[PDB]
Amino acid sequence: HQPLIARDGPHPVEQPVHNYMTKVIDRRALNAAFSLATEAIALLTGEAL
Amino acid sequence: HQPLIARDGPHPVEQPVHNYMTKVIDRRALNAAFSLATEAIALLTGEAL
Amino acid sequence: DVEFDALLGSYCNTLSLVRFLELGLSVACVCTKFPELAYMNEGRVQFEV
Amino acid sequence: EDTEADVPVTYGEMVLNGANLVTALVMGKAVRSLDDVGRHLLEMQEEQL
Amino acid sequence: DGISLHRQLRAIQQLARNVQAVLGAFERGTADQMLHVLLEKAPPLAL
Amino acid sequence: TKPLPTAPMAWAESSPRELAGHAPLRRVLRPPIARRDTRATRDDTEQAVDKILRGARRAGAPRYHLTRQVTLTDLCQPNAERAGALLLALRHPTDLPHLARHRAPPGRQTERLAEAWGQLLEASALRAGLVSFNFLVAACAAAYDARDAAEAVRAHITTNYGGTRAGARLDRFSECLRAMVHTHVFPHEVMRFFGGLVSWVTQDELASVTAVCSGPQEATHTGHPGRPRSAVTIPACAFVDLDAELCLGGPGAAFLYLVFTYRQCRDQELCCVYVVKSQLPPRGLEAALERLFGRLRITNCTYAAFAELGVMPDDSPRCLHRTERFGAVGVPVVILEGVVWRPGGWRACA
Amino acid sequence: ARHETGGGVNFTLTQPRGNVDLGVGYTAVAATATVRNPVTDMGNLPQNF
Amino acid sequence: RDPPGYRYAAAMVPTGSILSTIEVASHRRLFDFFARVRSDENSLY
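Chains as they are written, first to last, in the entry's author numbering: chain V, 100 to 148; chain C, 100 to 148; chain L, 51 to 99; chain A, 296 to 344; chain B, 149, 152 to 197; chain Y, 3 to 16, 23 to 45, 76 to 97, 104 to 170, 181 to 354, 417 to 466; chain S, 1081 to 1129; chain H, 6 to 50.
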């Protein structure tokens, strides 16, 4: 909303003004990389035990 | 949901089907007129009493 | 598929309401209200020195 | 002017549990907290301003 | 009428905002004039 | 507020049959269709809000349309002229030097209006503005017969209007008017009826003029609730009856008309503004303009151009003849009473 | 003052007032402190008649 | 462009107030649906 201040003429009279608006989100992400090693696959699975 | 019927070749196979419609309501009105008379206004108003 | 939009919530204002008699400037004025003025013609004030 | 500051811990959470879910599926929209806006559009409809 | 009852509220506030925002223009309105008045009583220092 | 004039007192507050009209409607019955068979201030601010709240408890009178228009004060002066005068609006002035080049008959000076108006912008500085009625009378005063009161209009203008040497504007704006008729851009095609004066708010160089573009005159919110009255005043050089001049003594509602007269001669051109009161139909008016103003018809092929002004709704229309004081000068002024404003258009009679 | 336009309805409000300056002799001073942007570029623009 | 007007029934019950007050129209381009009203308007209802 916006306030007013009255005035004398001959200024044309001013009326209350209401501002409406909406905003829109913007989308993002993050990234990281975990990589294992080959043999580490064997051991965890148990294949090399 | 439509049904099938299986059939032998060499006719390529038909698969179960589906159907979706919507419809849009259509809108109408009706009218009738009640009109009064002047003297009937005076009496009801209480003016001519 | 499932999609939607959303409102993540809305924010208003509050117009600050200001009594003139709050400001420092109220010292300059001496404010006495006529309930009836527009009737009045020229008023006068008197000084002696 | 100071060294150790007091800080909130937890994040906030917006979950669709409740009638706010159905509208996401059926209506196709969502409102942040509809379990309140939905409420106060009832009492307001009665009491005062 | 069932909705409309919800609608008055949406209208009736829109008086409250306007009723306040208008009457406000007078208080702020006064403090305006005092300046525009006191600027015309006042000669500058150098003079 | 519950007096003891209890017979017709309910009728003026809007009546006795109105409670009877609300008796069969609101009092009875189960129909629609039924079955068979803080000493001074507060309470001063509290009675101020009570003076607001009584207006909200409830809600005869005719309707208006007030018009406001912020207008520079060179030619017209709402300050000197009191509430209840005619106002005449104008067009834009820069179309004047081009339209004189085309509508002029062959053998006339097209470059006369471009220089006569150019010496009024250089005289009013010593933009659709406004010209009031009493300012316009003294400009055409050199073509009115009694001429004693046509000079009385000229007396209070040079001494009371805001502006240095308005009488120099008078001999320039009438020279502008005498440049209108010669260059064939007629003054009736420029003047537009604006409402009667109810209030005006002035400032440096300009004023916010308020008027009544449609409605009655006598009950307007003037702005001052001490004097919420305003009567119409016209100087006696422009006021022309037609009921006495034709022995028409029959009563009835009377109409008001603006009338212009033209006089097309080689450097002998006059202007006159008249305000005619009659009981005649507007279709039955040009025959009267043939009767009085067939004199300039022989010398002239438009010779008259009129426009409606308003209606006196009385069965006996009421006139008065006083001499109001415009500052320090008394001018014989015809007073019209109870005028309902309804404007109209113009007319040509070639 | 209720004057309807545009299908809307206008309410203009007015508060008549009066001011007397009851000081004798100068009661107020206005001193000029600083200088912001000089508006007119100080240029060389000759005049044409 | 798809600037859907905001939802008055929801905004009738705000989540939290704004704080600073400025002429908003001075910088528009931050927003999407932007509307000025003089004291009241018909579409609000």
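Every residue, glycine too, gets a C-beta built ideally from N, C-alpha and C.
- Taking a beta-carbon distance threshold of 8 Å, L/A88 does not count as an interface residue toward chain A.
- With 16 or more other Cβ atoms from the protein chains shown falling within 10 Å of its own Cβ, Y/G426 counts as buried.
- Contact note: Y/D88 does not reach chain L at a C-beta cutoff of 8 Å; the least C-beta distance is about 12 Å.
- DSSP places B/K191 inside the alpha helix (DSSP H), whose first and last residues are 154-191.
- For H/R12, there is no enclosing beta strand (DSSP E), as DSSP gives it neither H nor E.
- For B/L155, no chain S residue has a C-beta closer than 7 Å to its own C-beta; the minimum C-beta separation is roughly 23 Å.
- One Cα belongs to L/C81, the other to V/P115, and the distance between them is close to 27 Å.
- Under the Cβ criterion of 8 Å, B/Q163 is counted among the residues facing chain A.
- Rounded to the nearest angstrom, the gap between the Cα atoms of Y/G269 and Y/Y328 is 22 Å.
- In terms of Cα proximity to V/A105, the closest of B/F176, B/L165, B/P193 is B/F176.
- Residue nearest to Y/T237 within the set Y/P336, Y/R34, Y/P279, Y/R317 is Y/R317 (criterion: CA-CA distance).
- Between Y/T117 and Y/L260 a beta carbon distance of about 6 Å is seen, short of the 8 Å cut, so the two are scored as contacting.
- Closer than 8 Å to the CB of B/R178 there is at least one CB belonging to chain L.
- About 22 Å separates the beta carbons of Y/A167 and Y/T154, which is beyond the 8 Å limit, so they are not a contact pair.
- With three or more CB-CB distances shorter than 8 Å, the region 434-449 of chain Y counts as touching the region 208-219 of chain Y.
- The beta-carbon distance between S/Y1106 and B/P193, rounded to whole angstroms, is 6 Å. This is short enough to meet the 8 Å contact definition.
- Judged by their CB atoms, Y/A160 and Y/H242 are not nearer to each other than the 8 Å cut-off.
- Not a single CB atom of chain L sits nearer than 8 Å to the CB of A/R334.
- When secondary structure is reduced to three states using DSSP, Y/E84 falls in the helix class.
- A check of alpha carbon separations from S/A1113 across B/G179, B/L188, B/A196 identifies B/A196 as the nearest.
- Residue-level contact check: L/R69 touches chain B, since one or more beta carbons of chain B fall below 8 Å from its beta carbon.
- For H/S31, no Cβ of chain V is located within less than 8 Å of the residue's own Cβ.
- Selection Y/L452, Y/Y215, Y/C325 evaluated against Y/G128 yields Y/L452 as nearest (Cα-Cα).
- Taking all protein chains shown into account, Y/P141 has 16 or more neighbouring C-beta atoms within 10 Å of its C-beta and is therefore buried.
- Look at A/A300: its C-beta is not under 8 Å from any C-beta on chain L.
- With fewer than 16 other Cβ atoms from the protein chains shown falling within 10 Å of its own Cβ, L/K83 counts as exposed.
- Beta-bridge partners assigned by DSSP to L/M90: none are found.
- Put simply, the CB of B/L159 is near chain A, with a gap under 8 Å to one of its CB atoms.
- A buried status is given to Y/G217, since no fewer than 16 other beta-carbon atoms sit within 10 Å of its beta-carbon.
- Among the CB atoms of chain H, one or more fall inside 8 Å of the CB of L/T64.
- For Y/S23, at least one C-beta of chain C is nearer than 8 Å to its own C-beta.
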